[PDB]
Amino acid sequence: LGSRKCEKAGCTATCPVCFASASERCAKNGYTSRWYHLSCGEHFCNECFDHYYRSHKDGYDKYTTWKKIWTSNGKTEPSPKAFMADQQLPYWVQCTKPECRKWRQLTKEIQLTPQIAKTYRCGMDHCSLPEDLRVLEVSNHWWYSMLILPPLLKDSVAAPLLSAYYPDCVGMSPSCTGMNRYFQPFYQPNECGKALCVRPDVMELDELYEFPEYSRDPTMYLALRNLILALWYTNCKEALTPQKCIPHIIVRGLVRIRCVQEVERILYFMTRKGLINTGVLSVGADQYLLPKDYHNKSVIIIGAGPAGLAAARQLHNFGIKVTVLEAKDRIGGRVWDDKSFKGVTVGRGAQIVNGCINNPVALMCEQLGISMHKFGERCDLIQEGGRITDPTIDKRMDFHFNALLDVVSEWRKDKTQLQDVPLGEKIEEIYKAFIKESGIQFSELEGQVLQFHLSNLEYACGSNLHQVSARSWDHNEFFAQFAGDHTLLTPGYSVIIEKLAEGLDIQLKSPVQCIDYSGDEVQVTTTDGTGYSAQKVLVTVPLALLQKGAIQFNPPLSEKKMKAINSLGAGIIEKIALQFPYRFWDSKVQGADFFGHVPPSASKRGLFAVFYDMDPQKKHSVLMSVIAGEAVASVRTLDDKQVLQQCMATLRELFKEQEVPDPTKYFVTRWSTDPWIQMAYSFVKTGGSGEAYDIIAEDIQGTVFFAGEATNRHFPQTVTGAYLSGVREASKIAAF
């Protein structure tokens, strides 16, 4: 009766042939009432259709068996076609031989596996056999448009992490079926926002833009992207390359060819964005994580802090030419550990991780075989001198203080920037207004415990509460924050900082004085006259130094940026660390990771409010404490010897009922007056806005870029926020 055509509109199939070949009356390449279209290079005859579809045929059992399982796991509707693509369509594997690399179709009964995909060779000279002509079409754009059903991956690595989702809604086959506790990559249905979480079923904003061709049929994209994440978080000590991905892409049909071709693009995109192949991973040497297209551009990174060392590490790993200039005689910036204490590291700067889940710091800790100590919940407030505050008094003041913020939280609603008041001035107003309208007032102790919590919030903003914004003091929690444990990074951030810096072109004692981005290319001059130059410059200097204008810009920064830079505030705290002959606090503290210090008066509320037990093992005896709020001001006139005395006084008070030994070693920080830092971390000043972080992060003419904690709106202040900002900018700088 001849030889038939496909009715499927726009089909390049001149001579369709049946792949199924399951029925006896198989049309093969001949005639059959109707051809069924899966793709432009794959059809099956109507006689094989009946073979499975009809209840009186022989393939009915195998179909209905699959049909039941498919309606129990998935959400997509079973059909003769869906069955073919998931069960019968021949697998396509590429050849291992570097000289060949041809795409071959396997025999109907062969079941492709990762092992087969790793070693496959033509005829397993077979390599000289001509490649199937259908393969070449796979690369054309219309090919995937004339596919009927999206690819569904088998035995995806992401499978165990996506059991809360219908397999089909995440690009997996509804006919299928020892990782770090801090690696929670995907959201879960009904979960509340948590930092660095991607939705398995929806494409992020970035993703849509980079890959608009998938905006209509995204199933394949989600499928591959979730496969890569699962692979990376399964082993984050190695660089994830397309090769170690392919053997895990197990789908039937010519569509697989399209998957392995695209996985390379999605792998390189995510890599650029810092989703993977990030952290402390190194390489080392002629094995750059990006193709040679990104390599031919240079960049100067100003500042060897977390933010600068992050971008440098990334760009260097990509294969881009990077050189970082640091003013100090050491890297680390506001990360500076003191390793002189016997059997313990103590941070003069950062040393705490606020929320480990998904945190880059937790990932980097994994790569480094480093462990973190989780902080305990209990922190007794010790008065002067001896008595341990009654929990009923503590909870009640923690509650009240929290309610004061609650009423602030409501007062702020609808208020504009011009209607802004100091948080501290507002907390007082409300706190007073209560006593009035209530009648009863607080005891000396209750008032003193409320002062403890005020200082705890001054410690967090780095400032006296009368200088911070009521409307924006916590602006950043509009967004999802890092969940999970708060940990004391026992080995110290310096371990991480040195690893990132290892092998990079770092120039110490190179304070940048002028950045000229007027001409073809940006000229960066240091204080003595040294001249550097690259196509891109990334400044990561502290907020204070940008306000001070220590670096000359030509052209000068826009009146906007300066306004945003001056809208934030350079918060400051200081640390003091003391080593003793023995742990004298054990009796009273009882292995608690820290105790409190109830302020005798409001003024003294910043002075050593919290004391940290710097040994999670509890073998050594070192104490660290903090000077915040109003106290940092009244300590810059004292010298080291004096601050140490005011601290010993406090301790012998808190421990009045006993002797406390004389400290055998100590240090007192002077960040506030460190010429190249002059701060601890940013905060929003009254009248300011959180938006400022995003304005400072604006790039200038795509030539000058900014990073640092004071540019991370979502997560400001932290080494995490600073690190992530650096990853953010390297991504922008390396954009084709």
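Just so we're on the same page, rigid core means the largest C-alpha set that superposes within 1.5 Å between forms. Numbers follow the displayed sequence, beginning with 1.
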property: 40-48 against 666-674 - segment lying farther from this form in 9 other deposited structures of this protein (CA RMS, rigid core fit); result: 40-48
property: Which of 129-137 and 545-553 strays further in 9 other deposited structures of this protein - Cα RMS after rigid core alignment; result: 129-137
property: Deposited residues lacking coordinates between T177 and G178 (none, 1 to 3, 4 to 9, 10 or more); result: 10 or more
property: Chain break class for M124 to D125, judged by how many deposited residues have no coordinates; result: 10 or more
property: Selected stretch [higher average CA B-factor]: 295-303 or 564-572; result: 295-303
property: Mean temperature factor over C-alpha atoms, higher-scoring stretch between 504-512 and 128-136; result: 128-136
property: Selection by C-alpha B-factor (highest) of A544, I352, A117, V539; result: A117
property: Most elevated Cα B-factor in the entry, residues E477, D329, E458, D520; result: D520
property: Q617, C-alpha B-factor rank within chain (lowest, middle or highest third); result: highest
property: Assigned third (lowest, middle, highest) for the C-alpha B factor of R605; result: highest
property: B-factor third for the C-alpha atom of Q87 within its chain; result: middle
property: Chain-relative CA temperature factor third for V660; result: highest
property: Record-listed C-alpha B factor of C236: chain third; result: middle
